[PDB]
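K.L.:
The structure's right below; bear with me while I get my questions together.
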Number of protein chains: 4
Amino acid sequence: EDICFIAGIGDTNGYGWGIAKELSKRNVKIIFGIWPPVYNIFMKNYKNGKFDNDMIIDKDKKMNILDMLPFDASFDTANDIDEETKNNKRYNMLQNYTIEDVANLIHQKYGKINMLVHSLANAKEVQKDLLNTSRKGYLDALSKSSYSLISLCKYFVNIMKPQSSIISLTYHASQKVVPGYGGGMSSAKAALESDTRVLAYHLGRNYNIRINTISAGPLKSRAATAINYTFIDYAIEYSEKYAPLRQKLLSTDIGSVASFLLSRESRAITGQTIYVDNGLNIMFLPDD
Amino acid sequence: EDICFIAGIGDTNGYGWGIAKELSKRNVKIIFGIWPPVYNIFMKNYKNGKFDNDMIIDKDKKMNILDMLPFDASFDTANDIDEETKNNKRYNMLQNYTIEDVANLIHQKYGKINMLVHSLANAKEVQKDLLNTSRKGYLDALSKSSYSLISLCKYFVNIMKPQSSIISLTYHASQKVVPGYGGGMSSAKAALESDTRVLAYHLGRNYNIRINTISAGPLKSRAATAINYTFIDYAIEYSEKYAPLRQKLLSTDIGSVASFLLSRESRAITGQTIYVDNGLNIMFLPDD
Amino acid sequence: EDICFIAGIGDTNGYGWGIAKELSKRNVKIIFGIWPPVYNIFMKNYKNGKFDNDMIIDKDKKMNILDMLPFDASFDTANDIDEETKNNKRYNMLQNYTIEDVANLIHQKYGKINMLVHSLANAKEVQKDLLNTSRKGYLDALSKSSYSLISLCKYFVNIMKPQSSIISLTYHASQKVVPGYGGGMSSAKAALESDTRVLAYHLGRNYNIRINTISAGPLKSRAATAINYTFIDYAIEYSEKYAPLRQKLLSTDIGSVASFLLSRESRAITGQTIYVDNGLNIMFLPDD
Amino acid sequence: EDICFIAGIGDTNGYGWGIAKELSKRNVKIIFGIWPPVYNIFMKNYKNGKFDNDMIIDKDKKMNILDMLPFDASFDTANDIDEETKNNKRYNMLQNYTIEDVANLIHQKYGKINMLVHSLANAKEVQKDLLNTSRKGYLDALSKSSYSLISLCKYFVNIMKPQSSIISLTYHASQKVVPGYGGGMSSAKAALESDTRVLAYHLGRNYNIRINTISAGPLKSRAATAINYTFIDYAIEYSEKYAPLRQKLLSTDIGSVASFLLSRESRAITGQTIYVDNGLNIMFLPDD
Ligand SMILES: NC(=O)c1ccc[n+]([C@@H]2O[C@H](COP(=O)([O-])OP(=O)(O)OC[C@H]3O[C@@H](n4cnc5c(N)ncnc54)[C@H](O)[C@@H]3O)[C@@H](O)[C@H]2O)c1
Ligand SMILES: NC(=O)c1ccc[n+]([C@@H]2O[C@H](COP(=O)([O-])OP(=O)(O)OC[C@H]3O[C@@H](n4cnc5c(N)ncnc54)[C@H](O)[C@@H]3O)[C@@H](O)[C@H]2O)c1
Ligand SMILES: NC(=O)c1ccc[n+]([C@@H]2O[C@H](COP(=O)([O-])OP(=O)(O)OC[C@H]3O[C@@H](n4cnc5c(N)ncnc54)[C@H](O)[C@@H]3O)[C@@H](O)[C@H]2O)c1
Ligand SMILES: NC(=O)c1ccc[n+]([C@@H]2O[C@H](COP(=O)([O-])OP(=O)(O)OC[C@H]3O[C@@H](n4cnc5c(N)ncnc54)[C@H](O)[C@@H]3O)[C@@H](O)[C@H]2O)c1
Ligand SMILES: O=C(Nc1ccc(Oc2ccc(Cl)cc2O)c(Cl)c1)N1CCOCC1
Ligand SMILES: O=C(Nc1ccc(Oc2ccc(Cl)cc2O)c(Cl)c1)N1CCOCC1
Ligand SMILES: O=C(Nc1ccc(Oc2ccc(Cl)cc2O)c(Cl)c1)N1CCOCC1
Ligand SMILES: O=C(Nc1ccc(Oc2ccc(Cl)cc2O)c(Cl)c1)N1CCOCC1
């Protein structure tokens, strides 16, 4: 009897969605954590069947969405959330959306979960290059994109079965330089990729939980479109031109590998950056 | 209905067998390629029921062994087999056992296959360390345990459908040094992990076929015992003491990962070393 | 005519000192940036000849200390420094010790410098393990240990000659897990190691400056003693027991490599993590 | 007063020569080991002044060539040289040219040496890609360009002082794929980079000798021209266009790094691949 929390959703054009579709294939209950600023739009959009098409699985199954909670990766507990976001139009008429508040809500309603997905990123200044990034700007990126992963584990470790599994999405910009991947994201993902290891050790030895990370090719998600003729269009162009696998990478191409990593079928794998990127990661020089 | 060729089983105590079992679970049909030295024993042993306990699958399955063929990875085509090997006690009574000849035999009997497993390694002077390995010994190591992959691939690709997948097995002693892993075994493993990428580019672009490699943790196999209470018993103790996951590492743990990679679930992963080893590889210092 | 700024000093038992001794060997003017809280103790200690012994270079040379400035890697400009540290006993009777204020002071007095050393770390919670680290705690570590490097480059790029060179000290805890290396340091060093690359590209293409990083073995510095029978005593124990180079790693063992990296003799090397650690980094399993 | 043996010079257009020059600058004495095919030409050419322009060092130095010996890296001892090679036009008139024989010759003439350079690579089927490389071709690649290092080391160690150092040259196509780098050259390079560690452990612990390897950028050498406006001209264009450092890569750039590693300045570095390549290796995506 299986439950998965997915932290990081605001639409259906991302990897979290990809991941939720493939998990559904093996009958796993999905709990979405939506960033509060878009929680209400996402919810109204759901009710109104915008995703009814996107919720279909090959074999005549609905995606089994157990619940849909506001979730904000920038605050660990209730006592971390500041006054300005306390007023905030959007945040104001929701509650219990810190990391710890949602680890509780979920636990409260459905018991122990046993799969966890970190699928979120923010870098206020992704626009700028690493050199022109401000401290405040850089640290937000690390807080929201890297630390949040640790913070999830701490709070969710307590509501997880043993032999549970955690994942997290990463990008190659942390190993090799991609110009334009600014704001400290590259920085942020390096730490993620390393924290993944150290967590794998603490989580592995103490609770017998596994944690891994998926290094993803480029997908024209709502968030990648925000980066920028958008660098995501160029990343996909190059990738489909040059990657050893000449096909088009789909969000479920990631979903399947994730479903695998969240399953027992992978009990011997932990602390791994796993590359799901049509093989681009292995190339040095272009063919032309 | 998929068919897979596993190159290099001698007994039910290896990773090959582990991979055989887990594939069977997913209902894929098994062609075993066996080293002539041990062909007749394996065959005799199999007939006498000795493997019957070992062919038990959890959900009351047997094992779909489609065939058991003599096979030797040193010989590419028939004009390679030297007059001595040709005439040897073991080799004289057997036929069609070069890489090309079994690629043909299998094709005639069962048509194009879609999965290919490389689970053999060999090295004359394995007991001698790198410095004291002869040229003859080292090139032999590489020939048997590295090149056989490139050759398996040259010949087998033409009897494989597109979207098919190929995996091999490696050891972490290619990346960081474990002394006692001699005779150029480290060298061959490092070659095989590089070969794995170059081939992922050629096979990827030209056949839309994927190739990957599992860097496995330590197992008490027949051939791991051969290294000179032995180095493998020490390895298994270290792993079970110092690895993030303190569970005993089972060949079916590798088995199920190999299964995953050979399936369509892994359609966007290629050219990668995947570690299946309880996460030992992430450790720098023993905590104790 | 050569000048080097070294950001991160409070005594003579660290790597910055090691680095300053070896640079002196090739007649490079040294400018120390001391953390304000210990600036005055360090200065009084200097005047009183505590370091007169440590200032000797093999070949009858004094270390040429051009100047000694208070320097605080946690504030980028004057407008970043808060009220509490504005009162602060220690900080209060010093001025111009932000990153930008010192890039100016130096420039003002001696012109363009042409070698830059980042040799500093802070992680408030190094005591704890990654899991038990707080957000505030983690982000301090990244701010002080990782971001500061970027911040140096931005401000110092402007007072550097072209063909200048920058370095930074790192630790293997970012690639492989060392238990006990907590507080987000591991995290911090990963980002450093990656920022080093991305900076190498921006700095390389724009100003023709090189930037590299030195991955150091363990040294019983004043700061390592603070970590903890102190994990630094254990790190050295293991290292001297097991590293391929059986000798004792000295702070100048690092100093020489740094002097090399800061010289023109290395004009083709950039964005590199360079391991100066008696070779420990390359080992998997112990000998026993 | 140090002596170094450079294995593999054919002309003044390679990295060997570059390494020869930079060493000379540091006043170390040069023993050249030359491949018999080109021995007589090199020698004749040298006598006729043709290299005199090329032997200019900046600070009005010449070059301290202590000796120029015939040398062939395929033959370990004299009982290896087959009757055919023994009798060949080029090989018949020359003597003491196996790895052991020159290790002896040099010892008799000049006593124990302290520096050792490995700047040779060779591969029969370099023009064919990995998939289409024969077993014969590949093992030949490995024999010549990989094993010769392990053998140079077995024999030369006993005519080397402790604290001595050994370097070899590699290409980045061992890590990420550059197609056109065939015949198993990628494979040999990957072996050599693994060999480099295993040997750093054996030589480190048993002789207190260091071994490292320079992964060089592209140079218009004689042997780089041989690969089939050629692949190397494309390589040089890519490097000079897309690398962080847009300066033209010169063999003396490698030269001076090799010098550094062979000196005591690098006493704490061993088993490493050091990249000397204008930082190209850090790039994932071309910015343009
Ligand atoms: N698509 C790609 O090109 C690509 C490639 C490689 C890796 N990735 C990674 O995959 C992951 C998913 O990104 P995506 O591409 O699916 O785009 P996306 O827009 O679906 O993902 C970003 C999501 O995170 C949310 N978010 C931001 N801050 C948050 C916070 N504090 N709390 C809760 N939610 C928050 C956003 O609202 C959004 O829903 C990211 O970590 C990204 O770094 C993406
Ligand atoms: N066992 C371990 O502890 C371990 C750990 C990590 C990696 N690996 C790797 O996994 C793979 C399989 O390991 P294993 O322990 O299961 O080995 P194993 O005990 O199954 O023996 C390998 C098999 O290959 C066969 N073989 C040898 N030479 C051959 C040739 N020329 N042609 C055809 N067949 C040949 C042998 O008869 C043997 O049955 C190897 O590549 C090994 O490097 C093993
Ligand atoms: N010795 C080792 O065991 C070892 C090993 C590998 C790497 N390193 C790295 O080497 C570098 C130097 O450390 P060390 O071992 O020489 O110890 P150290 O005590 O000399 O270095 C820390 C110095 O940084 C200073 N500092 C802290 N925060 C600062 C700030 N905001 N502004 C200015 N200065 C500040 C401290 O006062 C201290 O002088 C560090 O980056 C460390 O991570 C050390
Ligand atoms: N040139 C480049 O663009 C480049 C780039 C990266 C790495 N490298 C590496 O640097 C090293 C030297 O490269 P290079 O371009 O200077 O080569 P090169 O043009 O100097 O040729 C190598 C030399 O080795 C000699 N040689 C070949 N086989 C031999 C044998 N069996 N015994 C003794 N000598 C032998 C050849 O005569 C030749 O002079 C090689 O290992 C190469 O892989 C070269
Ligand atoms: O954080 C932002 N950007 C952003 C950028 C990259 C991201 O992810 C990736 C996208 C593509 C690749 Cl190829 C890799 C990625 O990791 C994500 Cl998920 C978000 N914002 C919010 C505030 O400012 C506007 C944009
Ligand atoms: O090649 C041989 N030995 C050998 C050594 C390692 C091997 O594989 C591994 C086993 C354990 C680990 Cl931990 C890693 C491995 O790679 C294999 Cl399959 C075989 N021979 C020939 C000489 O004696 C008989 C066995
Ligand atoms: O930042 C702190 N600790 C600290 C820890 C490790 C450090 O460096 C290293 C030391 C050893 C190795 Cl082996 C590696 C290192 O990177 C440094 Cl320079 C500082 N503090 C200040 C506040 O709390 C008390 C201790
Ligand atoms: O082995 C041969 N070719 C060859 C190829 C690459 C080599 O080295 C490299 C050159 C450029 C880069 Cl960019 C990388 C290299 O490693 C070397 Cl020294 C030699 N032969 C034999 C057949 O024809 C004559 C030359």
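Bear in mind that the values in this text are calculations on the coordinates, not laboratory data. Neighbour counts run over all protein chains shown; Cβ positions are idealised from the backbone, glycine included.
K.L.:
Out of curiosity, is A:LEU69 away from ligand 1 (no atom under 14 Å from the Cβ) and outside any loop (DSSP other than H, G, I, E, B)?
P.N.:
Numbers: away from ligand 1 (no atom under 14 Å from the Cβ): no; outside any loop (DSSP other than H, G, I, E, B): yes.
Taking the combined requirement at face value, the residue does not satisfy it.
K.L.:
So for region D:5-17 (the condition being away from ligand 3 (no atom under 16 Å from the Cβ), within 14 Å of chain C (Cβ to nearest Cβ) and outside any helix (DSSP H, G or I)), does at least one residue qualify? Walk me through it before giving the result.
P.N.:
Residues of region D:5-17 that are away from ligand 3 (no atom under 16 Å from the Cβ), as a first pass: D:5-17.
Now drop any that are not within 14 Å of chain C (Cβ to nearest Cβ), which leaves D:15.
Narrowing further to those that are outside any helix (DSSP H, G or I): none.
Looking for residues that are away from ligand 3 (no atom under 16 Å from the Cβ), within 14 Å of chain C (Cβ to nearest Cβ) and outside any helix (DSSP H, G or I), one finds none in region D:5-17, hence no.
K.L.:
Among the residues of region D:139-148, which ones are crowded, with 24+ Cβ neighbours inside 10 Å and more than 8 Å from every other protein chain (Cβ to nearest Cβ)?
P.N.:
Matches in region D:139-148: D:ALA141, D:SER145, D:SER148.
K.L.:
Step by step: first the residues of region A:27-38, then only those that are touching a strand residue (DSSP E or B) at 6+ places or on another chain (Cβ under 6 Å) and closer than 24 Å to A:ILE57 by Cα, then the one that is nearest to ligand 3 (Cβ to nearest atom). Which residue is that? Reasoning before the result, please.
P.N.:
At the first step, the residues of region A:27-38 found to be touching a strand residue (DSSP E or B) at 6+ places or on another chain (Cβ under 6 Å) are A:28-34, A:36.
Imposing the further condition that a residue be closer than 24 Å to A:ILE57 by Cα reduces the set to A:28-34.
Values: A:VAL28: 42, A:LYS29: 44, A:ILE30: 42, A:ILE31: 40, A:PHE32: 40, A:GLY33: 35, A:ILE34: 38 Å.
The extreme case among them is A:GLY33.
K.L.:
If I ask for residues that are more than 7 Å from every other protein chain (Cβ to nearest Cβ) and touching a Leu at 6+ places or on another chain (Cβ under 7 Å), which ones from region C:240-254 would you list?
P.N.:
If the condition is that a residue be more than 7 Å from every other protein chain (Cβ to nearest Cβ) and touching a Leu at 6+ places or on another chain (Cβ under 7 Å), then C:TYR242, C:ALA243, C:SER251 are the ones that fit.
K.L.:
In region D:120-138, what residues are surrounded by fewer than 24 Cβ atoms within 10 Å (Cβ to Cβ) and within 16 Å of ligand 8 (Cβ to nearest atom)?
P.N.:
Let us first name the residues in region D:120-138 that are surrounded by fewer than 24 Cβ atoms within 10 Å (Cβ to Cβ), namely D:121-122, D:124-129, D:131-132, D:134-137.
Residues satisfying the conditions are D:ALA121, D:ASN122, D:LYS124, D:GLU125, D:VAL126, D:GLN127, D:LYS128, D:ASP129, D:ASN132, D:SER134, D:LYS136, D:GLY137.
Condition check ((1) within 16 Å of ligand 1 (Cβ to nearest atom); (2) touching a strand residue (DSSP E or B) at 6+ places or on another chain (Cβ under 8 Å); (3) closer than 22 Å to D:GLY16 by Cβ; (4) facing chain C (nearest Cβ under 8 Å)) across all residues:
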{"position": "D:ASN158", "(1), (2), (3), (4)": "no, no, no, no"}
{"position": "D:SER165", "(1), (2), (3), (4)": "no, yes, yes, no"}
{"position": "D:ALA188", "(1), (2), (3), (4)": "no, no, yes, no"}
{"position": "D:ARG205", "(1), (2), (3), (4)": "no, no, no, yes"}
{"position": "D:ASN212", "(1), (2), (3), (4)": "no, yes, yes, no"}
{"position": "D:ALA216", "(1), (2), (3), (4)": "no, yes, yes, no"}
{"position": "D:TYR238", "(1), (2), (3), (4)": "no, no, no, no"}
{"position": "D:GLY271", "(1), (2), (3), (4)": "no, yes, no, yes"}
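K.L.:
Hand me the list of helices (runs of 4 or more DSSP H) wholly inside region C:181-275 holding 1 or more residues that are β-branched (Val, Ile, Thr) and buried (at least 24 other Cβ atoms within 10 Å of the Cβ). It would help to see each step written out before you state the result.
P.N.:
Working: elements: C:185-205, C:222-227, C:231-242, C:251-261.
Output list reads C:185-205, C:251-261.
K.L.:
Is region C:231-244 home to any residue that is under 30 Å from C:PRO162 (Cβ atoms), within 13 Å of ligand 3 (Cβ to nearest atom) and within 20 Å of the chain's Cα centre (by Cα)? Please lay out each step first, then the result.
P.N.:
Initially, region C:231-244 is screened for residues under 30 Å from C:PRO162 (Cβ atoms), giving none.
No: zero hits.
K.L.:
Quick check: anything in region C:219-230 within 12 Å of chain D (Cβ to nearest Cβ) and either out of contact with any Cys (no Cβ under 7 Å at 6 or more places or on another chain) or within 16 Å of ligand 8 (Cβ to nearest atom) (or both)? Explain how you work it out, then say what you get.
P.N.:
As a first pass, look at region C:219-230 and keep what is within 12 Å of chain D (Cβ to nearest Cβ): C:219.
Subsequent filtering for residues that are either out of contact with any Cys (no Cβ under 7 Å at 6 or more places or on another chain) or within 16 Å of ligand 8 (Cβ to nearest atom) (or both) retains C:219.
Yes - at least one qualifying residue is present in region C:219-230.
K.L.:
On to the next question. Could you list, in sequence order, the residues of region C:100-119 that are surrounded by fewer than 23 Cβ atoms within 10 Å (Cβ to Cβ) and hydroxyl-bearing (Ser, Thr, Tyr)?
P.N.:
The one that is surrounded by fewer than 23 Cβ atoms within 10 Å (Cβ to Cβ) and hydroxyl-bearing (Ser, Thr, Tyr): C:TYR110.
K.L.:
Considering only region B:152-177, state which residues are charged (D, E, K, R) and either in a strand (DSSP E or B) or over 20 Å from B:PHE75 (Cβ atoms) (or both). Please lay out each step first, then the result.
P.N.:
As a first pass, look at region B:152-177 and keep what is charged (D, E, K, R): B:154, B:161, B:176.
Correct list: B:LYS161, B:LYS176.
K.L.:
Follow-up. Hey, can you tell me all the residues within region B:18-51 that are part of a loop (DSSP other than H, G, I, E, B), away from ligand 2 (no atom under 16 Å from the Cβ) and under 20 Å from B:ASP253 (Cα atoms)?
P.N.:
Residues of region B:18-51 that are part of a loop (DSSP other than H, G, I, E, B), as a first pass: B:26-28, B:35, B:48-51.
Of the ones still in play, those that are also away from ligand 2 (no atom under 16 Å from the Cβ) are B:26-28, B:48-49.
Hits for region B:18-51 are B:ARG26, B:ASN27, B:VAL28.
K.L.:
Please find, among A:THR85, A:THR77, the residue that is hydroxyl-bearing (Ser, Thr, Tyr) and exposed (fewer than 15 other Cβ atoms within 10 Å of the Cβ).
P.N.:
A:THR77
K.L.:
Just to be sure before I move on: is D:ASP76 within 23 Å of D:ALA121 (Cα to Cα), in contact with a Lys or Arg (Cβ under 9 Å, 6 or more places away or on another chain) and assigned to a loop (DSSP other than H, G, I, E, B) in the structure I sent? Break it down stepwise before answering.
P.N.:
On the way: within 23 Å of D:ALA121 (Cα to Cα): yes; in contact with a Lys or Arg (Cβ under 9 Å, 6 or more places away or on another chain): yes; assigned to a loop (DSSP other than H, G, I, E, B): yes.
Yes.
K.L.:
Give me the pairs, please: first residue somewhere in region C:64-87 and within 14 Å of another protein chain (Cβ to nearest Cβ) and aliphatic (A, V, I, L, M), second residue anywhere and within 16 Å of ligand 4 (Cβ to nearest atom) and assigned to a strand (DSSP E or B), beta-carbon distance under 9 Å, and either six or more positions apart or on two chains.
P.N.:
none
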